[PDB]
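In order, the protein sequence lines correspond to chains L, R, V, G, U and D. The opening position of the first sequence corresponds to residue 8 in the numbering used here, with each subsequent residue numbered one higher. The opening position of the second sequence corresponds to residue 17 in the numbering used here, with each subsequent residue numbered one higher. The opening position of the third sequence corresponds to residue 31 in the numbering used here, with each subsequent residue numbered one higher. The opening position of the fourth sequence corresponds to residue 348 in the numbering used here, with each subsequent residue numbered one higher. The opening position of the fifth sequence corresponds to residue 153 in the numbering used here, with each subsequent residue numbered one higher. The opening position of the sixth sequence corresponds to residue 138 in the numbering used here, with each subsequent residue numbered one higher. A virtual CB, placed ideally from N, CA and C, is assigned to each residue, including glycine.
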Amino acid sequence: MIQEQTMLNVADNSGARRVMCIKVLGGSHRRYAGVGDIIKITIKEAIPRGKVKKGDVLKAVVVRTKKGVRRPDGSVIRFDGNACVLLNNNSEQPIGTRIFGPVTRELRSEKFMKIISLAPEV
Amino acid sequence: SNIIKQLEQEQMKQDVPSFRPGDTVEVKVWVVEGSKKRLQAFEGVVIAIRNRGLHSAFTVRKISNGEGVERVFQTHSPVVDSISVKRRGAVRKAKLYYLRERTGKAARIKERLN
Amino acid sequence: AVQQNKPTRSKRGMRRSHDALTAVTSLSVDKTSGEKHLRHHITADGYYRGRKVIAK
Amino acid sequence: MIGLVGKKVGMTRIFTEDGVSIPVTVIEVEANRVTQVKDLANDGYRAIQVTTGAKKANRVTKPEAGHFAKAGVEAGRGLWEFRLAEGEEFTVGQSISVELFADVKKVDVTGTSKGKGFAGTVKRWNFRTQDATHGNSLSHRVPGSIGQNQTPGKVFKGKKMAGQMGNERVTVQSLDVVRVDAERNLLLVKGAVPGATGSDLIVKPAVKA
Amino acid sequence: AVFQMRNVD
Amino acid sequence: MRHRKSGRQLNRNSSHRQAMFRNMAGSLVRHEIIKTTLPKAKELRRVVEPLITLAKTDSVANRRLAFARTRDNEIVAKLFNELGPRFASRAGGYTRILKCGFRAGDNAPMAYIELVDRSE
RNA sequence: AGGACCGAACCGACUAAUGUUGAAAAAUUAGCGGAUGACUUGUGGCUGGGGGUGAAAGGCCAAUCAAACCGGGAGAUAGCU
RNA sequence: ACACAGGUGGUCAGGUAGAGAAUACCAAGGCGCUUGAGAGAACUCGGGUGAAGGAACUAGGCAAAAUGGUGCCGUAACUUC
RNA sequence: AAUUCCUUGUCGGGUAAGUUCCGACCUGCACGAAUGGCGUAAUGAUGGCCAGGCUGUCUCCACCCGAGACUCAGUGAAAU
RNA sequence: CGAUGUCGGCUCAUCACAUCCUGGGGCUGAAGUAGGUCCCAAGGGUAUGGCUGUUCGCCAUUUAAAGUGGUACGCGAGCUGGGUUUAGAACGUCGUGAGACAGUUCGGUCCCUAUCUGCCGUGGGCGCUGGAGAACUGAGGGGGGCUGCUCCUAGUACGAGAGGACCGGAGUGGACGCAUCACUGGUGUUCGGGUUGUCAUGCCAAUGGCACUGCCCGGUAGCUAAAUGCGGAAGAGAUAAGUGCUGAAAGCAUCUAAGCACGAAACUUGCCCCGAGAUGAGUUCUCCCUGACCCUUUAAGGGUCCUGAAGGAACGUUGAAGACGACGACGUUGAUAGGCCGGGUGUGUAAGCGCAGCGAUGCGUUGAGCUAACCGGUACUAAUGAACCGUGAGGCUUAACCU
Ligand SMILES: CC[C@H]1OC(=O)[C@H](C)[C@@H](O[C@H]2C[C@@](C)(OC)[C@@H](O)[C@H](C)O2)[C@H](C)[C@@H](O[C@@H]2O[C@H](C)C[C@H](N(C)C)[C@H]2O)[C@](C)(O)C[C@@H](C)C(=O)[C@H](C)[C@@H](O)[C@]1(C)O
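So this is what it looks like as structure tokens:
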């Protein structure tokens with residue numbers, strides 16, 4: 008259940024460490040976001056040799072949420088912490104060469120195929 | 017009332033093994049992969065059982081590649097398959113939310129051995 | 031939060047119209063002693079539906 | 348076409364072969380019978396009056412009991428009217444059944460909402476609460492301003508305000524139906540429906556396409 | 153209590 | 138909005154409800170009959186009777202479970218040893234309500250409550 | 001050793017709520033400052049109105065102070081309501 | 001001005017825990033505070049908890065929350081050491 | 001600048017974005033040396049800003065425990 | 001001026017159209033995509049933040065778009081007191097001075113129990129012409145009316161390439177409304193367990209009281225969103241701008257003057273709710289009442305005796321109904337409430353005993369004990385027989401019928 012001013016763990020080797028959801032993309036007066044919805048984010052922290060640096064702002068896709076992703080059977084897959092992969096701001100597609108952690112099944116949506124191609128679990 | 021319970025019991029499966037909370041329990045899960053309906057395993061210690069007749073379900077945590085991954089499962093849902101108990105065990109207090117903070121060696125559970 | 035003018039006694043009386051009491055008129059003779067008493071209530075002598083109880 | 352009277356029993360679910368869990372609300376529907384057929388002649392419009400259930404033989408009033416006696420049949424717990432589909436022509440006393448719901452596809456489920464009792468503006472119209480602090484005093488869930496000044500100088504009619512909530516007729520539209528078990532008189536409409544458990548209901552075919 | 157204050161409009 | 142709730146707050150905190158009923162339940166036992174306000178008596182009916190149901194079968198544990206309530210050895214002594222067998226086959230209905238007019242002190246609805254037998 | 005430290009009694013009254021025809025003509029509740037000293041307090045005196053006193057706010061001088069209160073000049077004056 | 005949640009100096013100093021006259025439970029002893037009985041709506045006051053986020057509220061981290069003990073390890077810029 | 005009207009001076013730092021803050025430039029409307037200038041460890045229920053932790057402050061309120069509100073009985077005001 | 005509280009913010013809005021977005025068109029220096037400009041159209045919708053007390057403004061990033069204004073520059077008997085705007089103080093400047101400055105900075109009590117109008121709800125009374133029980137007809141009124149993205153058509157029309165549709169169809173979200181607890185969660189001081197200090201039950205053991213429910217860990221019902229179902233429409237009617245057909249005045253021409261056809265989220269309906277106090281008080285079905293004499297100003301007259309029906313009310317048990325009334329259900333030919341029996345659920349191995357150990361503790365008995373508000377059964381108890389209210393055939397006039 009991502010919202011404005013929400014810190015998130017980085018989900019890939021983009022070199023970023025901590026991020027924050029400054030804005031929630033996708034519709035007027037929108038509040039909550041998650042599952043796989045795009046959210047533009049600032050980079051509050053990054054490792055020195057990473058592709059990205061501190062203060063960078065770019066769109067990124069949520070991959071994990073504490074609320075978890077719901078399923079038609081009623082089952083839900085909760086996670087200990089939020090995470091997101093840093094898509095390129097210009098035309099999607101992840102920047103990192105390796106996405107850590109088990110991406111959820113809901114990512115299956117053409118454009119996110121590159122992300123789920125990595126990380127053997129789920 | 018009885019019209020409800022009769023409707024519920026008919027849909028209930030009769031092949032559910034008993035299991036104590038805190039036991040390690042694999043949970044097979046059928047899932048579409050965009051085509052083939054391959055089954056997938058999901059082993060993990062139980063932390064929260066919730067019996068509600070047909071509505072009964074149980075949480076299953078699994079600490080993988082860093083942060084843990086809890087997953088609830090309906091007992092009677094078609095999606096779930098075998099519910100084997102890979103490891104006998106026992107803990108006081110059926111709820112185990114406190115384990116969510118505990119990690120590594122703190123996550124140990126003694127075998128019931130009886 | 032206060033009147034700008036003084037109400038007529040008529041307006042006060044119309045307000046008093048709903049204040050009137052109504053007699054219950056539900057008294058009933060005892061099956062045994064025959065003394066009147068309120069329905070679903072025991073007699074002062076303690077009799078109730080003809081059986082003896084309380085006795086005080 | 349005509350609707351039928353039903354009765355809520357309790358929300359449940361029906362598992363499907365694909366593993367999807369679709370919620371449903373059990374609604375028993377004893378077969379209706381036409382106590383009287385309204386028409387353009389004697390009544391000025393064509394319609395049917397119907398009833399269901401078994402009211403106690405002692406508690407039924409004679410003025411009603413004769414109205415059921417005209418139908419020649421034992422009194423129901425209540426009475427409800429349904430408009431004719433014009434092309435329909437039903438005989439008096441006919442035992443209409445739940446089987447008609449086999450082809451309805453989608454239905455609206457009329458019912459009475461739960462009595463929330465008297466309630467504030469927040470519970471009733473979802474008004475946001477004011478500041479809980481910052482010097483605030485005796486003002487939180489209160490409606491606050493309800494008008495301008497000397498212009499109008501009166502609250503507008505129909506203004507959103509605190510008052511009685513629930514306990515009124517309502518009808519969710521285009522609810523899906525799943526099973527139609529005539530043997531048990533079941534009516535497993537998809538999703539939640541208005542009304543307390545055990546309350547009377549009025550299921551009708553959806554006007555929506 | 154009556155108070156005091158002023159009316160500097 | 139209540140809805141399917143049971144019991145009554147009776148303008149008192151639960152800590153007081155755990156004590157006043159605890160004493161009044163013993164008071165009803167000691168004299169086999171007491172005068173009290175009707176709503177409080179209806180509350181009392183759900184209190185005293187279960188103790189009798191506990192008194193239906195003597196055991197070392199039930200004496201202590203009874204001891205946790207009422208907190209009076211003199212009352213539980215009347216339990217099991219006397220009040221237990223006396224109801225015998227009967228199931229429920231251990232006590233009855235009988236309203237006795239309104240109190241003079243503030244028009245409070247008075248109502249006597251008493252055991253089915255009364256043999257003292 | 002200390003106009004030293006934390007912290008009750010004691011003293012003080014920074015914040016906020018409640019109260020605003022209040023329980024109270026300035027309080028209560030939850031926190032706060034000082035607490036061996038330029039400390040606090042009991043008891044009894046001293047400074048009396050253009051004066052007193054003041055680590056100074058023109059504050060305080062019996063719930064009133066850019067001049068207390070009581071009585072008197074006095075039915076002061078008022079081109080004002 | 002009240003049978004008023006205010007103000008009023010000194011003296012007597014039990015048990016257990018505790019550094020303590022803090023505080024909790026108790027002894028001696030004194031009280032349940034001069035309107036009650038119900039119902040369990042908003043709203044208001046005094047509190048508890050809350051999933052996701054953690055100042056995005058707001059004039060302002062206001063208010064709540066949080067930190068909290070003893071023993072020990074260890075502790076920077078700066079300095080009138 | 002507790003002082004600068006122009007003014008949100010300009011530049012740099014902090015933030016995704018900073019009329020506030022820090023540093024500097026001096027074009028000081030209208031700084032200035034006992035009506036004291038500048039600097040300063042410690043001290044502060046002092047002013048402004050940032051951050052960690054913390055949280056219903058908020059997104060958005062939800063439920064529960066008590067005191068009123070409500071009804072009955074007793075007594076019985078107020079401004080206007 | 002014998003007082004009209006004064007900027008902004010919070011909350012809550014309402015109206016206007018000189019229309020921000022969506023809709024319908026004209027023209028274009030309109031290829032398409034996307035624009036310019038103008039007309040019609042107010043149904044709905046019409047940003048979060050950073051700075052500043054600010055509206056405004058700038059910046060960051062969204063969005064189909066982040067409209068312009070009225071409403072005492074809306075709204076303090078609704079809130080906030082940051083600004084301004086008292087009494088303290090300081091800086092700059094002015095004056096010999098006290099002081100002053102739409103110059104600046106720090107700090108600074110926001111009262112009122114609703115009489116009427118108005119509004120949100122809920123009742124009593126009476127009328128609707130004999131009384132009563134239900135089903136109603138719908139005059140009228142309110143509510144709802146937003147829209148992206150993607151796919152098919154189609155990489156087709158168009159175009160040099162690049163790009164990329166008009167019409168129509170399908171799917172899925174954002175915002176909003178309603179309903180619901182079945183799931184996922186929260187609350188759950190009435191359920192169970194852990195544990196700290198102390199007191200008490202004579203003590204061992206076992207329990208209880210108090211300390212915010214002592215601190216907590218959970219957790220039934222109920223309630224509730226963050227949870228899941230549905231809703232905006234399609235169609236039709238008459239139109240606005242607009243596109244026309246025929247056709248004279250005016251041999252031609254012309255959408256119009258006669259006539260005729262299309263045309264929008266606006267209008268009238270359809271959709272949902274209220275609703276015959278709709279005094280213009282309507283219909284339909286059913287039920288109940290078929291006794292004897294005087295008085296008076298002699299009639300819609302005043303009473304007595306005999307009668308008291310349908311039904312209602314009162315009382316009691318009550319309710320997922322409720323502030324009080326009301327409303328639904330039950331009241332002995334009986335499941336309304338409590339209890340009870342069984343079950344479920346929560347808590348997770350009671351008490352006691354035995355065994356192992358020097359001991360704290362463990363094991364066995366044992367998924368045991370305890371279970372509130374749940375479910376299925378049960379008349380054990382509490383809902384007494386009655387009495388009360390309400391009557392005794394229901395005006396005049398006219399017409400149509402009683403074949
Ligand atoms: C405790 C109770 C007191 O109330 C208050 O404290 C509130 C908070 C004041 O506002 C305070 C605070 C403040 C800012 O007003 C909120 C200020 O403006 C006034 C001067 O004093 C009031 C109401 C003032 O009225 C205001 O008078 C203004 C001149 C006009 C205004 N009216 C036109 C709207 C009116 O409301 C004023 C002067 O005190 C009223 C006079 C009659 C009093 O002195 C009376 C005896 C007060 O002691 C009091 C009412 O009992």
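Original post:
Name the DSSP beta bridge partners of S442(G), please?
Top reply: DSSP output for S442(G) lists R380(G) as bridge partner(s).
Subject >> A178(D): first and last residue of the uninterrupted beta strand (DSSP E) it sits in >> reply: Taken as a continuous stretch (DSSP letters only), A178(D) belongs to no beta strand (DSSP E), being part of the alpha helix (DSSP H) at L175 to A192.
Subject >> beta strand (DSSP E) segment containing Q100(L), residue limits >> reply: Going by DSSP, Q100(L) is part of the beta strand (DSSP E) stretching over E99 to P101.
**OP:** Return the CA-CA distance between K452(G) and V524(G), expressed in angstroms with no decimal places.
**Re:** 6 Å
Original post:
With respect to 7 Å, is the separation between the Cβ of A31(V) and the closest non-hydrogen atom of ligand 1 below this value?
Top reply: no
Subject >> Residue range of the beta strand (DSSP E) that includes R87(R) >> reply: For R87(R), the enclosing beta strand (DSSP E) begins and ends at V85 to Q90.
**OP:** Answer yes or no: the CB of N159(U) versus the heavy atoms of ligand 1, is any distance below 7 Å?
**Re:** yes
Subject >> Rounded Cβ spacing between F35(R) and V43(R) (contact assumed at less than 8 Å) >> reply: Not confirmed; about 11 Å, so no contact.
Subject >> Under 9 Å (Cβ pairs) to chain R, residues found in the stretch 104-117 of chain L >> reply: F107, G108, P109, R112 and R115
Original post:
Taking the beta strand (DSSP E) that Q511(G) falls in, what are its first and last residues?
Top reply: From DSSP, the beta strand (DSSP E) with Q511(G) extends over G510 to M512.
Subject >> Neighbour flag for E446(G) against chain R, beta carbons, 8 Å >> reply: no
Original post:
Going straight from the alpha carbon of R87(R) to that of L93(L), what length do you get?
Top reply: 26 Å
**OP:** Please go through the same chain and pick out, in chain order, the residues whose beta-carbon is closer than 8 Å to the beta-carbon of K111(R), but skip the five residues on each side of it.
**Re:** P37, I63 and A64
**OP:** Sort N67(R), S51(R) and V47(R) by Cα distance to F58(R) and report the nearest one.
**Re:** Out of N67(R), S51(R) and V47(R), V47(R) has the C-alpha closest to the C-alpha of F58(R).
Original post:
For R240(D), which option in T207(D), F158(D), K172(D) and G221(D) has the closest C-alpha, if you only look at C-alpha atoms?
Top reply: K172(D)
Original post:
Are the beta-carbon atoms of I361(G) and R531(G) separated by less than 8 Å?
Top reply: Their beta carbons are not under 8 Å apart, which means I361(G) does not touch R531(G) by this criterion.
Subject >> Given 8 Å, three or more beta-carbon pairs between the stretch 494-514 of chain G and the stretch 459-467 of chain G >> reply: The way I'd put it, the stretch 494-514 of chain G does touch the stretch 459-467 of chain G; three or more beta-carbon pairs between them come closer than 8 Å.
**OP:** Verify whether the separation of the beta carbon atoms of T372(G) and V519(G) is less than 8 Å.
**Re:** A distance of 8 Å or more separates the beta carbons of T372(G) and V519(G).
Original post:
Using the beta-carbon of each residue, which ones in chain R are nearer than 7 Å to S484(G)?
Top reply: Correct list: empty, because the minimum Cβ distance to chain R is about 39 Å.
Subject >> the stretch 12-31 of chain L in contact with the stretch 42-58 of chain L per 3-pair CB rule at 8 Å >> reply: yes
Original post:
Who are the neighbours of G75(L) on chain G, taking C-beta pairs under 7 Å?
Top reply: Per Cβ cutoff of 7 Å: no residues; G75(L) is ~16 Å from chain G at best.
Subject >> Per-residue contacts from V54(V) into chain D (C-beta, under 8 Å) >> reply: None at all; the shortest Cβ gap to chain D is about 12 Å.
**OP:** For chain L, find out if any of its Cβ atoms is closer than 8 Å to the Cβ of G366(G); answer yes or no.
**Re:** yes
Original post:
If you check the beta carbons only, do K58(L) and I102(L) fall under 8 Å apart?
Top reply: yes
Subject >> Near-chain G residues of the stretch 33-62 of chain R - C-beta to any C-beta below 8 Å >> reply: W46
Original post:
So is the beta-carbon of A153(U) under 7 Å away from any non-hydrogen atom of ligand 1?
Top reply: yes
Original post:
In chain order, what residues of the stretch 67-91 of chain R put their CB closer than 7 Å to some CB of chain L?
Top reply: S80, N81, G82, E83, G84, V85, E86, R87, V88, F89 and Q90
**OP:** Identify every run of the alpha helix (DSSP H) within the stretch 417-490 of chain G, keeping only runs that are complete inside it and at least 4 residues long; order them along the chain.
**Re:** 468-472
Original post:
For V536(G), which residues does DSSP report across the bridge?
Top reply: Bridge partners of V536(G): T372(G) and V524(G).
Subject >> Where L51(V) sits in the DSSP three-state scheme >> reply: In the displayed model, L51(V) falls within coil according to three-state DSSP, outside both helix and strand.
Subject >> Beta-carbon proximity list for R105(L), same chain, < 7 Å, skipping 5 on both sides >> reply: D19, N20 and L125
Original post:
If you draw a straight line from the C-alpha of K61(V) to the C-alpha of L235(D), how long is it?
Top reply: When rounded, the distance between both Cα atoms is 17 Å.
Original post:
Is the distance from the Cβ of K385(G) to the Cβ of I395(G) below 8 Å?
Top reply: yes
**OP:** For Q27(R), return the contacting residues in chain G, with the cut-off set at a CB-CB distance below 7 Å.
**Re:** What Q27(R) touches in chain G: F362.
Original post:
What residues match up with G353(G) in a beta bridge as DSSP calls it?
Top reply: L548(G)
Subject >> Per-residue DSSP class, three states only, for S58(V) >> reply: The answer is strand: DSSP assigns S58(V) an E or B state.
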